[PDB]
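> Before I ask anything, let me first share the structure, which is written out below as structure tokens.
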Number of protein chains: 4
Amino acid sequence: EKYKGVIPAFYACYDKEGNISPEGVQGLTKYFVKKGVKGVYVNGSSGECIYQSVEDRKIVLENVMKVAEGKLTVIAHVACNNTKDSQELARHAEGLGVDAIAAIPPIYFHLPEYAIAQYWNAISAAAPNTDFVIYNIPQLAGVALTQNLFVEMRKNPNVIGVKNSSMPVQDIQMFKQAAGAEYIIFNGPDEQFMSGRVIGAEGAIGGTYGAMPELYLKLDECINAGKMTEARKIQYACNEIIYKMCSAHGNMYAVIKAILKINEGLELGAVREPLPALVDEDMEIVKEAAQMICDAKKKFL
Amino acid sequence: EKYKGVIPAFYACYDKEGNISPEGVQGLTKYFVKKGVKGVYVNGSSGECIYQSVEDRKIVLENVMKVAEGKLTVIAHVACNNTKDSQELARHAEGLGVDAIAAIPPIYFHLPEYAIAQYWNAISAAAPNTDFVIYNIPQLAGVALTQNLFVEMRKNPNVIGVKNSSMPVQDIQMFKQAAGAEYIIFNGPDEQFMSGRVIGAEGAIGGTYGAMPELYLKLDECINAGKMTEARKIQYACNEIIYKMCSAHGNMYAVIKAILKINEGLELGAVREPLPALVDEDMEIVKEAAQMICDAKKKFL
Amino acid sequence: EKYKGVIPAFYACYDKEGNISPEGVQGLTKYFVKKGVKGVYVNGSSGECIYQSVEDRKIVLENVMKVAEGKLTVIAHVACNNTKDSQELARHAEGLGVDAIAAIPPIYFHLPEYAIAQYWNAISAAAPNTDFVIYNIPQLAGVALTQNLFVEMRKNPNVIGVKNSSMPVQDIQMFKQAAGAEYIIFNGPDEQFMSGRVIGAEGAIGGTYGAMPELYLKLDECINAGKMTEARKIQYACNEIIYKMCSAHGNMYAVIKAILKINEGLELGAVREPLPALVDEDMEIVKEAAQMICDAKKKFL
Amino acid sequence: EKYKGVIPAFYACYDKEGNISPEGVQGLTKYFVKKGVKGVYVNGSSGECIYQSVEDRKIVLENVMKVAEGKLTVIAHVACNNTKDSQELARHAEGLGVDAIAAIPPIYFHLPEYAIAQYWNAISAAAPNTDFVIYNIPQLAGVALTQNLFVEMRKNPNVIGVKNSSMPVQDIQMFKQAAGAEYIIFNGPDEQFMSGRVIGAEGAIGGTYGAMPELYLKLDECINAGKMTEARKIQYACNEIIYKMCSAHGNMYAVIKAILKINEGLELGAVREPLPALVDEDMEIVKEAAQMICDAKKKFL
């Protein structure tokens, strides 16, 4: 129940020198508490985790935990390129009393299911009294979570479910059907939020949620109320905002941090290289998207 | 409105000699009229169109039209490997007073968008007073319908919409949003029926619908009524039946024709080679699926 | 030995009405005999086989056989969408005394290996005293020829080898190593001719060979002589000609038939729709490629 | 000329505690000097670079440079998940006087060509008086090096060429043809060594070279001498050894470190997790491969 609803992915908050900002993180966590979201997914790829050091990630979760404790549920993504660094973040995260721990599969190399199962179980062993969520992200990490690797992962009692980042909503259905009522599948594709929710995803973690959290909460209220016409209107509004945010030269998360600077006065810094920075030409796209968010809120809330 | 709802794909009906059965087609069309489905999608890939001659396909539509006229809406899939053969089926289909005409993209070779646009427009020109539905089937025909090829196709006024066979429900959303209220997107993936319907597909054409039409009609009644829990229960029941039907050595359509022989006494013949025939070992799978259909009907209807 | 060397794919020869030209076929076969190539691969995809009727294909092979008998070795590609039509071409081709028969896998649907093995064996049974060539063309027909399927097909004694259309030259190496000296692997990718020939392909069948057969014969003479610098110079010359021929709006085979009209006075007609026709703007590309062929011949022969 | 020939990828040398072994690195570098290879490719993916910290990689190159100076040419792979960490390794490597610096594209996220060009140019700027090698590795890093991106990177005068890890040998041909005589393309796929070397790769960097360097040097001597039959015999021998090394449960590099322990008495440690360790059942595969290497050497040297 504590994992059901809208859990935005937590962005990377930098200072003007390109280093993790404790004030920025505490600031962005106060924003999510204020917006009334269910939880926060920390140090995921939307949090620029691929580009952070082990110490950078410890500082983010530490500062999220100063603000978020009995108000938001926190999922801490702890996977690293190494099993060793991943175990260190898993220990650390359990040390700060986190709700769940998450892990993408091993990266760059396409390892067998036994190595993937060993990687995830080794991370789960480093935080043995906390919930664990596995992934299905074939498009970035290579291959999709099979039902055989998932059966193997359900042998670990800490596994509470899957973050389904693949595009077929059938994957959600198949994992939910195979796992049953004691597991949860989180909808990954923000653009298919309503579709992944109706077919079986009781959870939803997304990288665009932070830009317009009230829209996803309203969309979720319509889904739970069963008004699919009002839900479909909000989904379409969210999707055109995403497509506008993706039309910039600069990275989507650079666009989102500039939207939050306009709409909320939050200073989250820039995006870490190699993510492309915003250019002068993107500011009109950044202003247009920020206004589309304000307009959607007035129309649907 | 005449295209909205459940439109099953019409199966290939053979005699015991492996030739098209007029009695079998008329028989299977009386079955769909009786079950109260919105329409019938004739000579699509579920109708073994890849394996039929031009004359075989004319005989099927002729016999569907003897039974179906003012009771079912009929979409006739007329694409062939050639533009020439495709135009012949398009003429013929307009000759028999068909509702719409459909066409997969060119096959085997990956042709440019201009050749695909020319192929589809040439077929549309051969039946110039009938509705035309284009495809998005990247997984079989090679590449996905782009928004640029779709913009080009909307210049033809006979184009009423798209049959979306790709897996992302985002594709439905994007095509519906780009096209607007004067176009329809038909949900292709049977396993995501409820998800593709809520996000924007007002139509639904599927190859498994014929095996359990009352389940898809009930599922659609729940979707239209907004009861997503009862819809999700029917979707899961349909999906486990599909997964059982796909677990046979013989082809799914061979399994379905044997299920319809058990549950309805319909004799639709076998599947045309190279489609794999059922083996002795598949009969227990065929009996188990037929019983799962009977059980689903009693539970949800 | 009769299959070793340069075997160009035989083009579709039409009259001005878009129907198969007996005079055109006999004409194009006299061209290949004159150029001293090892054989001719008839009714393959470069021969527009996907777009020909069963009777169209019988007329082509009949007319190739009037000219080619004891001078060229003939491989007749007999696969059709159906097993039935494929068997008819296999019978017919054996009736005319061809050297080998070839077959792409089943297309559009992704069938299991047993259905593919049954399709190919059924075609091989229709011509039981003639050599049979299987394919590996993952990029068009879906999935690559696995070693398992290849082991299964080596149980049929008529199987003489594989036409390798995939891009990895490792595939040639792996099939040659697994099969041994009693089988032949034909190099498919014209642009990697020299690379597939050195790693194990003793055969070579290509769609661009007909445009400049003397260049591939010279390239092969260098490969057999072990002069890799002169071979690499010819390969690069052939590859820039191919890239120029592919830069047209009209299909490559439309470009090639127009080059053969300029350089040889051969009238092979146009390309069958949906293959895109040449436009006025392509004639400069067609003239430039024809001159690059003339220039390559003078430089390397 | 200093980059032409056999450049093995340098393995990760650990102590029994799983930390970088200075003695192990110096030891493995003395091995390559002794075997008479052209150079050594340090901290590439075969060097477990994805799993090393910035300080781990500095220690490896430092210890390679104590042994290798005027005897081997050194290519130091400096890419990291961050641009920042990558620049640090680029500075460091230039500080130790390496011949060239190499960089895979940005990983996990699929960034635009401008971000990839910026990432590589930023790394090249951190070592501005040293040669730079770009990659084409679509299978692991997502998308292939386009000609457009390659044209952009040739604007940087430090770019000396491409390490081609894709499977089509046409890619080598196309990059060599476009770039000309002032650039070099290194053959990536060890299994296609002879095929990439004949079509235009004057360089060759591989992960299996370290297990049998004398075989690749002999294979290269045959290629340069133009004896394609003796080259093809060595290629086939190398390829069956690779396929045996890949048949283990444990990772290929774990297999190779155990082969070097048997055949050379080198102690390179194990593979860093998540790379799967060898199991008891793999020792027979490890012994069989080591013997196949000894047998190949006696047959071809």
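For chain B, we keep the numbers from Swiss-Prot: what you see runs 15-315, in order.
Heads up, header says this was done by X-ray crystallography, 2.0 Å.
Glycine residues also receive a Cβ, built from the backbone N, Cα and C atoms like all the rest.
Heads up, here are the entries from Swiss-Prot:
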type: BINDING; residues: B:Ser59, B:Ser60, B:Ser179, B:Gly202, B:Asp204, B:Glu205, B:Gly221; note: aceneuramate binding site
type: ACT_SITE; residues: B:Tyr149; note: active site, proton donor
type: ACT_SITE; residues: B:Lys177; note: active site, schiff-base intermediate with substrate
> Near B:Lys177 (active site, schiff-base intermediate with substrate) in space, meaning Cα within 10 angstroms, which of the recorded positions do we find among B:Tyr149, B:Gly202, B:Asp204, B:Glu205?
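Candidates kept after distance check: B:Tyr149, B:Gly202.
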> Which ones, of the recorded positions B:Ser59, B:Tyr149, B:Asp204, are Cβ-proximal to chain C (under 8 Å)?
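Near chain C, the qualifying recorded positions are B:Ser59.
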> For the binding-site residues B:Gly202, B:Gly221, which one has the sparsest Cβ surroundings, going by other Cβ atoms within 10 Å?
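Least crowded of the binding-site residues B:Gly202, B:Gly221, by Cβ count within 10 Å, is B:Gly221.
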> Within 10 Å of the Cβ of B:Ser60 (aceneuramate binding site), how many other Cβ atoms can be counted across all chains shown?
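Taking every protein chain into account, the count is 23.
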> At the level of the C-alpha atoms, what whole-angstrom distance separates B:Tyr149 (active site, proton donor) and B:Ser179 (aceneuramate binding site)?
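So the Cα of B:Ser179 (aceneuramate binding site) lies 7 Å away from that of B:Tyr149 (active site, proton donor).
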> How many other Cβ atoms are found within 10 Å of the Cβ atom of B:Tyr149 (active site, proton donor), counting all protein chains shown?
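Around B:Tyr149 (active site, proton donor), other Cβ atoms within 10 Å: 25.
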> For each of B:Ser59, B:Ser179, count the other CB atoms within 10 A of its CB; which of these binding-site residues has the top count?
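Buried the deepest by this measure is B:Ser179.
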> How many neighbouring Cβ atoms, not counting its own, are there within 10 Å of the Cβ of B:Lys177 (active site, schiff-base intermediate with substrate)?
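Summing over all protein chains shown, B:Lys177 (active site, schiff-base intermediate with substrate) has 28 other Cβ atoms within 10 Å.
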> Within its own chain, what residues at least 6 apart in sequence put their Cβ under 8 Å from the Cβ of B:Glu205 (aceneuramate binding site), listed in sequence order?
B:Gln249, B:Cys252, B:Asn253, B:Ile256
> List the same-chain residues at least 6 positions away in sequence whose Cβ sits under 8 Å from the Cβ of B:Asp204 (aceneuramate binding site), in sequence order, or say none.
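In sequence order, B:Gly220, B:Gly221, B:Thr222, B:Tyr223, B:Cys252, B:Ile256 meet the Cβ cut-off.
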> Hey, which of our recorded positions B:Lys177, B:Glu205, B:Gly221 end up with a Cβ under 8 Å from chain A?
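Listed in sequence order, the recorded positions near chain A are B:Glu205.
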> Reduce the DSSP letter at B:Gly221 (aceneuramate binding site) to three states and note it down.
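Its secondary structure by DSSP: coil.
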> Is B:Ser59 (aceneuramate binding site) helix, strand or coil when read with DSSP?
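It is helical.
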